Amino acid sequence: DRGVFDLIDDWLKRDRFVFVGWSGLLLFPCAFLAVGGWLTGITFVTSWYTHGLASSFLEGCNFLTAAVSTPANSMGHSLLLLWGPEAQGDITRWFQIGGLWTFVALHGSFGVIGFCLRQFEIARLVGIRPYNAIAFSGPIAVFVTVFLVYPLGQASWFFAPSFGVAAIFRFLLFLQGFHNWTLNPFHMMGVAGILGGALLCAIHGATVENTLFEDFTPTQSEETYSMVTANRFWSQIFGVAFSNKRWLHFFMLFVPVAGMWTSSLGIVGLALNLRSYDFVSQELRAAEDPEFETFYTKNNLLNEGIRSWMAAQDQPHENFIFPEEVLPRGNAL
Amino acid sequence: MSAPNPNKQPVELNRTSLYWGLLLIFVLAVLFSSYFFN
Amino acid sequence: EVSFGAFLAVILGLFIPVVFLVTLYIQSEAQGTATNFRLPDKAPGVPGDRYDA
Amino acid sequence: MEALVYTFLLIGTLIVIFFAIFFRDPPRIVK
Amino acid sequence: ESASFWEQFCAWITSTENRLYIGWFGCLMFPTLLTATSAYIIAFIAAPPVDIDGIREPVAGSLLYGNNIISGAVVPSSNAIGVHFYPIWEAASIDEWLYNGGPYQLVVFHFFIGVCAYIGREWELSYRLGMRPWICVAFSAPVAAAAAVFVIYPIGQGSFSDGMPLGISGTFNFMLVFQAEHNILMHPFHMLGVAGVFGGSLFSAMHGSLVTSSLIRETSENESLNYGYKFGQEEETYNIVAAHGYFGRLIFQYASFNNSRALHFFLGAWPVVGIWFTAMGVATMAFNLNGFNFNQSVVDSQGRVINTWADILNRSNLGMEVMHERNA
Amino acid sequence: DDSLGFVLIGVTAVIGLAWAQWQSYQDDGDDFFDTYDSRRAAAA
Amino acid sequence: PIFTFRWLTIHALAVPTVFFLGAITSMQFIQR
Amino acid sequence: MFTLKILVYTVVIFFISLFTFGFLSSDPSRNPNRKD
Amino acid sequence: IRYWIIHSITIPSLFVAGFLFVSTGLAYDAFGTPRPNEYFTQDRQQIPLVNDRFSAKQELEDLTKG
Amino acid sequence: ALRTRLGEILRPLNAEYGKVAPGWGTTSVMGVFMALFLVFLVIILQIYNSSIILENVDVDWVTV
Amino acid sequence: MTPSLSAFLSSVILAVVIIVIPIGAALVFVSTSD
Amino acid sequence: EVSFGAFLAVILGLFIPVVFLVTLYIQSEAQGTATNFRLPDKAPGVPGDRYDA
Amino acid sequence: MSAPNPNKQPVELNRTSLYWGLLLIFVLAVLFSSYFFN
Amino acid sequence: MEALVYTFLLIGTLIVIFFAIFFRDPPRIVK
């Protein structure tokens, strides 16, 4: 248009094979480095000096067991920059101390910021409301709390999840054994939103496909399915039914997104070990009365079994020499 | 200045929204009562 | 030991928002705006016509 | 005392569900 | 010339003017589901502890016996019963019936019959209303998951004590014991189920935000936009081309599901197939076809075992297993 | 009662006679050539 | 050679993917 | 108890027979596209 | 067709370069990944873990030597 | 609208609604201060993170 | 000037020199050209 | 010895009638009948004009 | 029959009656709190 | 916590009195 800023603005918003925009200056390099850094780590970089594990394709791992493992516990919450005082420019030592994890997590953090900015930018360019950006704040809150806020409250980056399939599976059982994360009401609200979102996806797609009108042309001014028939069906099957199409689609937004946001609030509490581990009255009752036993008390026994049997190898920086007599067993109870 | 305020608006809450609110509050109480009591 | 403050948390945590929702709905019924099966506002402060007249 | 509160909460939830089903806003088709 | 009583009964049962449709499938659904509902409520509020293990150590599951809503459950049947049919009339006393976990069998069997009849009832109402009959196929996936978790896993393991308890903490206990014994996390079918549930939430939020974003202006300022849609209207309530252009520019030039029919088919199909596969994974793990075992997969030149993340997962599974196998 | 088969036989008889009363005034003797029978004699 | 966006972007993905694919293939011939 | 078994048996058989004889009562005709 | 004939030589060249990067052991030295014969040494039978933050570079060098 | 003693006093402070500097104004100076603020925030973060270790600065609890 | 401080200063200079300035110059060139 | 039941008697014995009075007044404001300075009902269900009008 | 009920009547509570009720409830709580607590 | 309840009740009564005085229904003379 007028100035040099206007030509750059016109070039970035030009209709090409992939939209760039101003957010693409932040999204495209950060997302490419995070994904490229993750693919580099699962292929070549080991976790031998941080976890005592082999976690790369070079060492014999497959796609399920390879991971970009977290830094060593001695690193603390260091940013672990390549030029930082830990690696001092040595990229080989940087890979061995787990600096690739902070590389993927930090560039991935600015990647999801750039993607949400991209959602805002395209919505303003097309001219629609920015509800996709609000819906993406759910995954942003989950990524920020789990991969950044939770290790920042813990001892080090070591206790964050590692970028891998089986490594994430360990992180699930770690938070169950150490925090009783299933008993947290914030995770329960998260399960309700995520399972409810899958229900809403299945039930809405089936209803539209089955209340279809006998005739989708892209420029169809009329609706392709009968809302009256769909409302009549679910009112007699379930008792209640949607009657507003706009409320039905806000609800499809709200339920899974609120599940991500509610579970993220509990992870923040888990960062400071403010966990919902026990019911004190039920724990006191089982102490005085050994015959007393509920499913919650049986679960706390399994949490003790998780903690003591993994701690020797899950946290190798600490020695944790546990003899067989102190290892909890249901047999010798 | 003790004049009729033009920004005054009526407030609505239809029966569906009332049922959603009652269900949300009752289910939240059901979920959090065990944690509050212990 | 019955936690005294926990009883108020369950009771007042349930009663107060239920009261707020019930009060909002009842005054909405008095204004004829407590149904979603009505047209949008024909004028500011004037609710639209119901679908069945 | 706690079990009474739990039972009251669950029964109240079921009452709310009953009212939401049978005393719902009747759907009217726009003319 | 008068109408027979059976004609009036058939007219009332299959009537579409009832507030809740009954139908012939509902003739099985309503008494079974109301039986299981009242029995579950009574057993949840007040029921004596059930000796699930079979060795005279009972587990309390009712509210009146000292547990809350989270820890409350209808405890599964005793290990002495196994997969034996245990109705209330085959027990010597009501006390012995409640001691052996009979309420679990009653509630589970009535609930299973009720949800199968619910599938049939969904088809039935779809038939009476003149619509396409595949909502019941979509509901067949959570029904399959419930069947695998309540009936089929006890069949494979040989005891209804191994079924999922009808409670919250009991569900978590079932999940932990199942992971310890079968490694469901490393099963490909549970991966397909997690992909289905995560993707279903993604696609639900995506579709909802896309429709909510492109709503056509019909209301005044700060008024609720939901009044812009009229129930029974013919015209579209949102701008489909604007949402398609946004979704196209979001990822790559032409990626929007331009045909809404296949978009909604994909929405209805993805989590249903995922839940089908995770139900079949749970059902196949009942017969000891466990998940992937990548234990001791990396060794050095001298034969020493280098652990992987699967080894740490196995250590967690072993801890849960040794705390579950009470004097094996 | 005693052998538990009379409960089975007795109940399906009672509902069976009600169904047979409905079936009596059904003009289904003639055979149709269609995917389903749309003929249902509703008395009232 | 140099398109405004396309040549640099698709080569930023294709060049490391083929190099990685050759590296993955060589790992299958390592005896451990 | 034998009486409870008798009552449950007759209730179950009653509802099953309702289902069975209802689906035999020309069910495919009970559809809105019925040809008169 | 001019770009196809240069892709017919560069794609095999890049695939061979990735193949030789692993088969010659250059991938182990570049990334610090231990070979199967150097997970443990004669003087170190335990898992080599970094115990200090700011001496991590020196600690890795006095432990991976030889 | 009501005129009060304090309202007449504060009247010139709210009398410049919509007044702008034409064009880009002082955006170039603002971007420099934003860039300097970003570098400053990274410095004090890396000092706290011990990614920058200064000469006589020890990030630990101090006495007196 | 400690090595960590010098490394930080080199990182800032490097980021401006090989990331911000080349991308901005390329953007200006392709915006005036196209 | 804080009497737990006595706290609920004071709280709920105050909250519930206050709620009932507040809910009654708010729906009265919506109907335009929340003032005593208005004429008697013109018709059944039709409140009279206010004195200021 | 589910006809429109002609006996339906609106309910009125002016601000003076609201203030009287609030004063009565608060004063009753003030008076009886000491006796309930002891 | 009894004194807290007593103080809350007395202050609430004074608040109700304040609202009844200054936010009363304005008396209008009929014409």
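Note that the chains are named A, B, C, D, E, F, G, H, I, J, K, L, M and N in the order they appear, and that numbering of residues resets to 1 at the start of each chain.
Just so it is clear, contacts are C-beta pairs under 8 Å (C-beta built on N, C-alpha and C of every residue); 3 or more make two chains touch, one makes a residue touch a chain.
Which protein is which chain? UniProt says A = Photosystem II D2 protein; B, M = Photosystem II reaction center protein L; D, N = Photosystem II reaction center protein T; E = Photosystem II protein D1; G = Cytochrome b559 subunit beta; I = Cytochrome b559 subunit alpha.
Participant: What is the touch distance from chain C to chain N, in steps?
Facilitator: 2
Participant: Go ahead and name the chain pair joined by the largest number of contacting C-beta pairs.
Facilitator: Maximum number of inter-chain contact pairs occurs for A-E.
Participant: How many angstrom lie between the centres of chain J and chain N, each centre taken as the mean Cα position?
Facilitator: 46
Participant: For chain A (Photosystem II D2 protein) and chain F, let me know how many angstrom lie between their CA-based centres, rounded off.
Facilitator: 59
Participant: Counting only residues that touch at least 2 other chains, which ones in chain A (Photosystem II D2 protein) make the list?
Facilitator: Each of 11, 17-18, 44, 48, 52, 58-60, 76, 78, 81, 84-85, 88, 188, 228, 231, 239, 243-244, 247, 279, 281-282 in chain A (Photosystem II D2 protein) touches at least two other chains.
Participant: Hey, what residues on chain G (Cytochrome b559 subunit beta) touch two or more of the other chains?
Facilitator: Counting only residues that touch two or more other chains, chain G (Cytochrome b559 subunit beta) contributes 4, 20, 23-24, 27, 30, 32.
Participant: Show the residues in chain J shared as contacts by 2 or more other chains, in ascending order.
Facilitator: 46, 50-51, 53
Participant: Which of the residues in chain K end up touching chain A (Photosystem II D2 protein) in this complex?
Facilitator: 3-4, 7-8, 10-11, 19, 23, 27-28, 30-32, 34
Participant: With touch defined as at the start, can you tell me which chain C residues reach chain L in the complex?
Facilitator: These residues of chain C touch chain L: 2, 4, 7-8, 11-12, 15, 19, 22-23, 26-31.
Participant: Considering the complex alone, what residue numbers of chain E (Photosystem II protein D1) touch chain I (Cytochrome b559 subunit alpha)?
Facilitator: That would be residues 299-302, 304, 306 of chain E (Photosystem II protein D1).
Participant: Report the residues of chain C in contact with chain E (Photosystem II protein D1) in the complex, numbered from low to high.
Facilitator: Counting only chain C, the residues touching chain E (Photosystem II protein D1) are 36-41, 44, 48, 51.
Participant: Residues of chain N touching chain M in their complex?
Facilitator: 2, 5-6, 9-10, 12-13, 16-17, 19-20, 24-25
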